[PDB]
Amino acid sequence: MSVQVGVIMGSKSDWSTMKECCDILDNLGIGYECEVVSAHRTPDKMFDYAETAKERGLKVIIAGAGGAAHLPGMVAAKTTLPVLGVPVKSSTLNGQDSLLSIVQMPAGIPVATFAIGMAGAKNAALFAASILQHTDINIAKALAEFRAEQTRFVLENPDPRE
């Protein structure tokens, strides 16, 4: 089970969201590491994490932050690996700040952005799977079964009065 995804977040308070990303990676049998890496409070460590990611065997980085969420964009500035950004739902502005701070990157350094909150955490994992499946048969199979399952679940339960 090779470690192919780095899941990183600006603070421990982002874990209730980011754990849902790790849960999907676990369910899909994808190897990952999870770490608190703060753009603001540990900037030098953030640069190091990004700089070394490729040589460490990582293929995708998933980064979550809230508020003025700079972590995903700053990582993306320092690696050519694909970076996925998860806007963590802020208590004040409901992740609207997080979302704009991540998605509105000017041209040159992209961050793939997903839905605010847990929906986006889970979707970032599934999207990472969608990238990794091209060179990992186990992942292709696990992702296909995931999608087959979610389709089957709706088809088998059509009546909402159940």
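One rule holds for the numbers: they count along the sequence shown, beginning at 1.
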Where do the C-alpha atoms have the higher mean temperature factor in this entry, in 42-50 or in 23-31?
23-31
Comparing 51-59 with 122-130, which has the greater mean CA B-factor as deposited?
51-59
Rank-wise, by C-alpha B-factor, drop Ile8 into the lowest, middle or highest third of its chain.
lowest
Based on the deposited C-alpha B factors for this chain, I'd like to know if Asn94 is in the lowest, middle or highest third.
middle
Split into thirds by Cα B-factor across the chain's modelled residues, where does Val36 land: lowest, middle or highest?
middle
